[PDB]
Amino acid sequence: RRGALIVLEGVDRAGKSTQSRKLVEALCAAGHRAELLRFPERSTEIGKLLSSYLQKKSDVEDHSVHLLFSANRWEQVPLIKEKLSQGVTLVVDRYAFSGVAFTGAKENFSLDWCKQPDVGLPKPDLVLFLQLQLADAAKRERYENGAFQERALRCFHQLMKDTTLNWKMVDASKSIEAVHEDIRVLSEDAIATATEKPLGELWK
(Lines of atoms letter the chains of each structure in order from A and count residues from 1; the text may use other names and numbers.)
(Lines give C-alpha, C1' and ligand atoms only; values in the text may rest on other atoms or scores of the structure.)
Protein backbone atom coordinates (compact mmCIF):
# COMPACT_ATOMS: atom_id res chain seq x y z
CA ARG A 1 0.00 0.00 0.00
CA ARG A 2 1.96 3.00 -1.18
CA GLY A 3 2.28 6.32 0.56
CA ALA A 4 0.91 9.55 -0.89
CA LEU A 5 3.09 12.35 -2.32
CA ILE A 6 1.67 15.57 -0.91
CA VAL A 7 3.12 18.94 -1.94
CA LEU A 8 2.59 22.33 -0.32
CA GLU A 9 2.98 25.42 -2.51
CA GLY A 10 2.13 29.12 -2.08
CA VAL A 11 3.73 32.59 -2.26
CA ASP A 12 6.41 33.53 0.28
CA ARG A 13 5.15 33.52 3.88
CA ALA A 14 1.91 31.70 3.11
CA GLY A 15 2.75 29.15 5.83
CA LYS A 16 4.22 26.31 3.73
CA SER A 17 6.94 25.34 6.16
CA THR A 18 4.83 25.67 9.28
CA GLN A 19 2.02 23.63 7.75
CA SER A 20 4.36 21.00 6.30
CA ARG A 21 5.91 20.42 9.73
CA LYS A 22 2.54 20.33 11.50
CA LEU A 23 1.08 17.98 8.89
CA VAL A 24 3.85 15.37 9.28
CA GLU A 25 3.51 15.59 13.06
CA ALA A 26 -0.26 15.11 12.92
CA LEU A 27 -0.12 12.26 10.43
CA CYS A 28 2.46 10.35 12.49
CA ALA A 29 0.42 10.92 15.67
CA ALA A 30 -2.54 9.39 13.80
CA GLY A 31 -0.56 6.21 13.05
CA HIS A 32 0.59 7.00 9.53
CA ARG A 33 4.19 6.70 8.42
CA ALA A 34 4.92 10.17 7.05
CA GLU A 35 8.08 12.12 6.50
CA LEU A 36 9.00 15.69 5.56
CA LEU A 37 10.96 16.82 2.53
CA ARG A 38 11.65 20.31 1.19
CA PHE A 39 13.00 21.92 -1.93
CA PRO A 40 15.50 23.17 -2.45
CA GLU A 41 17.24 20.47 -0.43
CA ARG A 42 20.34 22.43 0.55
CA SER A 43 22.29 19.52 2.05
CA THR A 44 23.61 18.22 -1.28
CA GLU A 45 26.40 19.64 -3.43
CA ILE A 46 23.76 21.08 -5.76
CA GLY A 47 21.71 22.29 -2.80
CA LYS A 48 24.72 24.21 -1.45
CA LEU A 49 25.15 26.10 -4.74
CA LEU A 50 21.45 26.93 -4.66
CA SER A 51 21.65 28.11 -1.05
CA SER A 52 24.56 30.39 -1.88
CA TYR A 53 22.62 31.80 -4.85
CA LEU A 54 19.47 32.54 -2.83
CA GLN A 55 21.58 34.22 -0.16
CA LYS A 56 23.08 36.43 -2.87
CA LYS A 57 26.52 35.11 -1.92
CA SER A 58 26.89 33.95 -5.49
CA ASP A 59 25.48 34.86 -8.88
CA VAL A 60 24.32 32.13 -11.23
CA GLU A 61 23.09 32.51 -14.80
CA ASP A 62 19.27 32.24 -14.79
CA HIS A 63 18.93 29.15 -17.00
CA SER A 64 21.75 27.38 -15.17
CA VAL A 65 20.16 28.04 -11.77
CA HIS A 66 16.77 26.87 -13.01
CA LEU A 67 18.35 23.55 -14.07
CA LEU A 68 20.14 23.22 -10.73
CA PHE A 69 16.81 23.59 -8.92
CA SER A 70 15.34 20.78 -11.08
CA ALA A 71 18.47 18.60 -10.72
CA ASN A 72 18.10 18.98 -6.94
CA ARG A 73 14.64 17.37 -7.22
CA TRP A 74 15.83 14.52 -9.48
CA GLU A 75 18.65 13.61 -7.08
CA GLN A 76 15.94 12.86 -4.51
CA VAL A 77 13.77 10.74 -6.88
CA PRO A 78 15.23 7.34 -5.96
CA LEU A 79 14.58 8.17 -2.28
CA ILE A 80 11.07 9.47 -2.99
CA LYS A 81 10.09 6.36 -4.97
CA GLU A 82 11.61 4.05 -2.35
CA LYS A 83 9.76 5.70 0.52
CA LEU A 84 6.41 5.83 -1.28
CA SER A 85 6.83 2.18 -2.23
CA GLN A 86 7.39 1.27 1.43
CA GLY A 87 4.12 2.97 2.43
CA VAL A 88 5.62 6.24 3.70
CA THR A 89 3.64 9.37 2.84
CA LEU A 90 5.88 12.29 1.91
CA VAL A 91 4.94 15.85 2.70
CA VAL A 92 7.00 18.22 0.53
CA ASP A 93 7.54 21.94 1.21
CA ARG A 94 7.80 23.34 -2.33
CA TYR A 95 8.34 21.29 -5.49
CA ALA A 96 8.48 21.74 -9.28
CA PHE A 97 5.67 24.32 -9.23
CA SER A 98 7.84 26.77 -7.30
CA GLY A 99 10.68 25.97 -9.74
CA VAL A 100 8.48 26.99 -12.69
CA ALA A 101 6.80 29.96 -11.03
CA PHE A 102 10.00 31.59 -9.79
CA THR A 103 12.02 31.26 -13.02
CA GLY A 104 8.85 31.95 -15.07
CA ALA A 105 8.58 35.29 -13.27
CA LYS A 106 11.86 36.39 -14.87
CA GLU A 107 11.86 38.06 -18.27
CA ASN A 108 12.06 35.89 -21.39
CA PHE A 109 11.34 32.59 -19.68
CA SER A 110 8.36 30.72 -21.11
CA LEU A 111 6.33 28.45 -18.83
CA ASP A 112 6.95 25.63 -21.33
CA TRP A 113 10.75 25.91 -21.18
CA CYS A 114 10.59 26.14 -17.39
CA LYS A 115 8.49 22.99 -17.02
CA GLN A 116 10.59 20.66 -19.18
CA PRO A 117 13.43 19.74 -16.79
CA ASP A 118 10.85 18.52 -14.26
CA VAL A 119 8.77 16.55 -16.75
CA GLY A 120 8.70 12.99 -15.49
CA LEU A 121 9.23 13.61 -11.78
CA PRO A 122 7.03 11.72 -9.32
CA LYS A 123 3.58 13.29 -9.70
CA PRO A 124 2.08 14.61 -6.46
CA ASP A 125 -1.16 12.94 -5.42
CA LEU A 126 -2.22 16.25 -3.84
CA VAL A 127 -0.94 19.79 -4.44
CA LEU A 128 -2.06 22.23 -1.73
CA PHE A 129 -1.88 25.89 -2.69
CA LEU A 130 -1.83 28.15 0.40
CA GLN A 131 -3.59 31.32 -0.68
CA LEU A 132 -2.92 34.59 1.12
CA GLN A 133 -3.18 38.17 -0.12
CA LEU A 134 0.31 39.34 -1.09
CA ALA A 135 -0.30 42.21 1.32
CA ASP A 136 -0.92 39.92 4.31
CA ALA A 137 2.08 37.76 3.45
CA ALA A 138 4.08 40.96 3.93
CA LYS A 139 2.66 41.41 7.44
CA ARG A 140 4.26 38.14 8.56
CA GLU A 141 17.00 36.35 0.06
CA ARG A 142 16.67 36.58 -3.70
CA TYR A 143 13.09 37.01 -5.00
CA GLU A 144 11.90 38.57 -1.74
CA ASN A 145 10.23 41.67 -3.17
CA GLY A 146 6.60 42.44 -4.01
CA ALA A 147 6.86 42.95 -7.76
CA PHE A 148 8.62 39.65 -8.24
CA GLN A 149 6.22 37.79 -5.96
CA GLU A 150 3.26 39.07 -7.99
CA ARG A 151 4.79 37.72 -11.19
CA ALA A 152 5.45 34.35 -9.53
CA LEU A 153 1.87 34.30 -8.29
CA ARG A 154 0.62 34.81 -11.87
CA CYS A 155 2.73 31.85 -12.94
CA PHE A 156 1.29 29.70 -10.16
CA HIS A 157 -2.21 30.54 -11.43
CA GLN A 158 -1.25 29.39 -14.90
CA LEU A 159 -0.01 26.07 -13.47
CA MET A 160 -3.30 25.60 -11.66
CA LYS A 161 -5.16 25.43 -14.95
CA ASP A 162 -3.55 22.00 -15.35
CA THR A 163 -6.40 19.57 -14.72
CA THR A 164 -4.02 16.59 -14.71
CA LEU A 165 -3.10 17.64 -11.16
CA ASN A 166 -5.08 17.40 -7.92
CA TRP A 167 -4.87 21.02 -6.84
CA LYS A 168 -6.61 22.03 -3.62
CA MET A 169 -6.81 25.70 -2.59
CA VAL A 170 -6.28 26.43 1.09
CA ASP A 171 -7.32 29.70 2.75
CA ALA A 172 -4.00 30.42 4.45
CA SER A 173 -5.25 33.63 6.08
CA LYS A 174 -6.82 31.69 8.97
CA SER A 175 -4.99 30.82 12.19
CA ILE A 176 -2.13 28.33 12.11
CA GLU A 177 -4.38 25.71 13.76
CA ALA A 178 -7.37 26.32 11.49
CA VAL A 179 -5.27 26.12 8.33
CA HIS A 180 -3.65 22.99 9.68
CA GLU A 181 -7.00 21.28 10.23
CA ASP A 182 -8.05 22.07 6.67
CA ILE A 183 -4.80 20.67 5.29
CA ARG A 184 -4.88 17.60 7.54
CA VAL A 185 -8.35 16.53 6.47
CA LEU A 186 -7.48 16.97 2.79
CA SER A 187 -4.31 14.96 3.37
CA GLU A 188 -6.05 12.04 5.10
CA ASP A 189 -8.42 11.76 2.14
CA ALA A 190 -5.55 11.76 -0.35
CA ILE A 191 -3.56 9.09 1.55
CA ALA A 192 -6.54 6.79 1.56
CA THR A 193 -8.04 7.35 -1.88
CA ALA A 194 -5.41 8.93 -4.14
CA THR A 195 -3.11 5.96 -3.41
CA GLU A 196 -5.29 3.23 -5.07
CA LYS A 197 -3.61 4.16 -8.34
CA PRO A 198 0.08 3.96 -9.21
CA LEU A 199 2.40 6.90 -8.64
CA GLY A 200 2.11 9.12 -11.73
CA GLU A 201 4.64 11.13 -13.73
CA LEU A 202 4.51 14.91 -13.67
CA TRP A 203 3.58 16.77 -16.85
CA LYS A 204 3.56 13.68 -19.05
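So that there is no doubt, residue numbering starts at 1 and follows the sequence shown. Rigid core (definition): largest C-alpha set, two forms, superposition within 1.5 Å.
In a rigid core superposition of the other structures in 6 other deposited structures of this protein, 115-123 and 129-137 differ in how far their CA atoms stray, and the farther one is 129-137. The gap between residue 161 and residue 162 holds no unmodelled residues of the deposited sequence. Of the two stretches examined, 195-203 and 3-11, the record assigns the greater average C-alpha temperature factor to 195-203. The mean C-alpha temperature factor is higher for 127-135 when 83-91 and 127-135 are set side by side. Highest CA B-factor among 140, 63, 32, 38, as stated in the entry: 140.
In this structure the maximum Cα B-factor among 116, 108, 72, 103 is found at 108. Residue 152: CA B factor in the middle third of modelled residues in this chain (values from the PDB entry). Residue-level temperature factors show residue 49 in the highest third of its chain, judged at the C-alpha atom.
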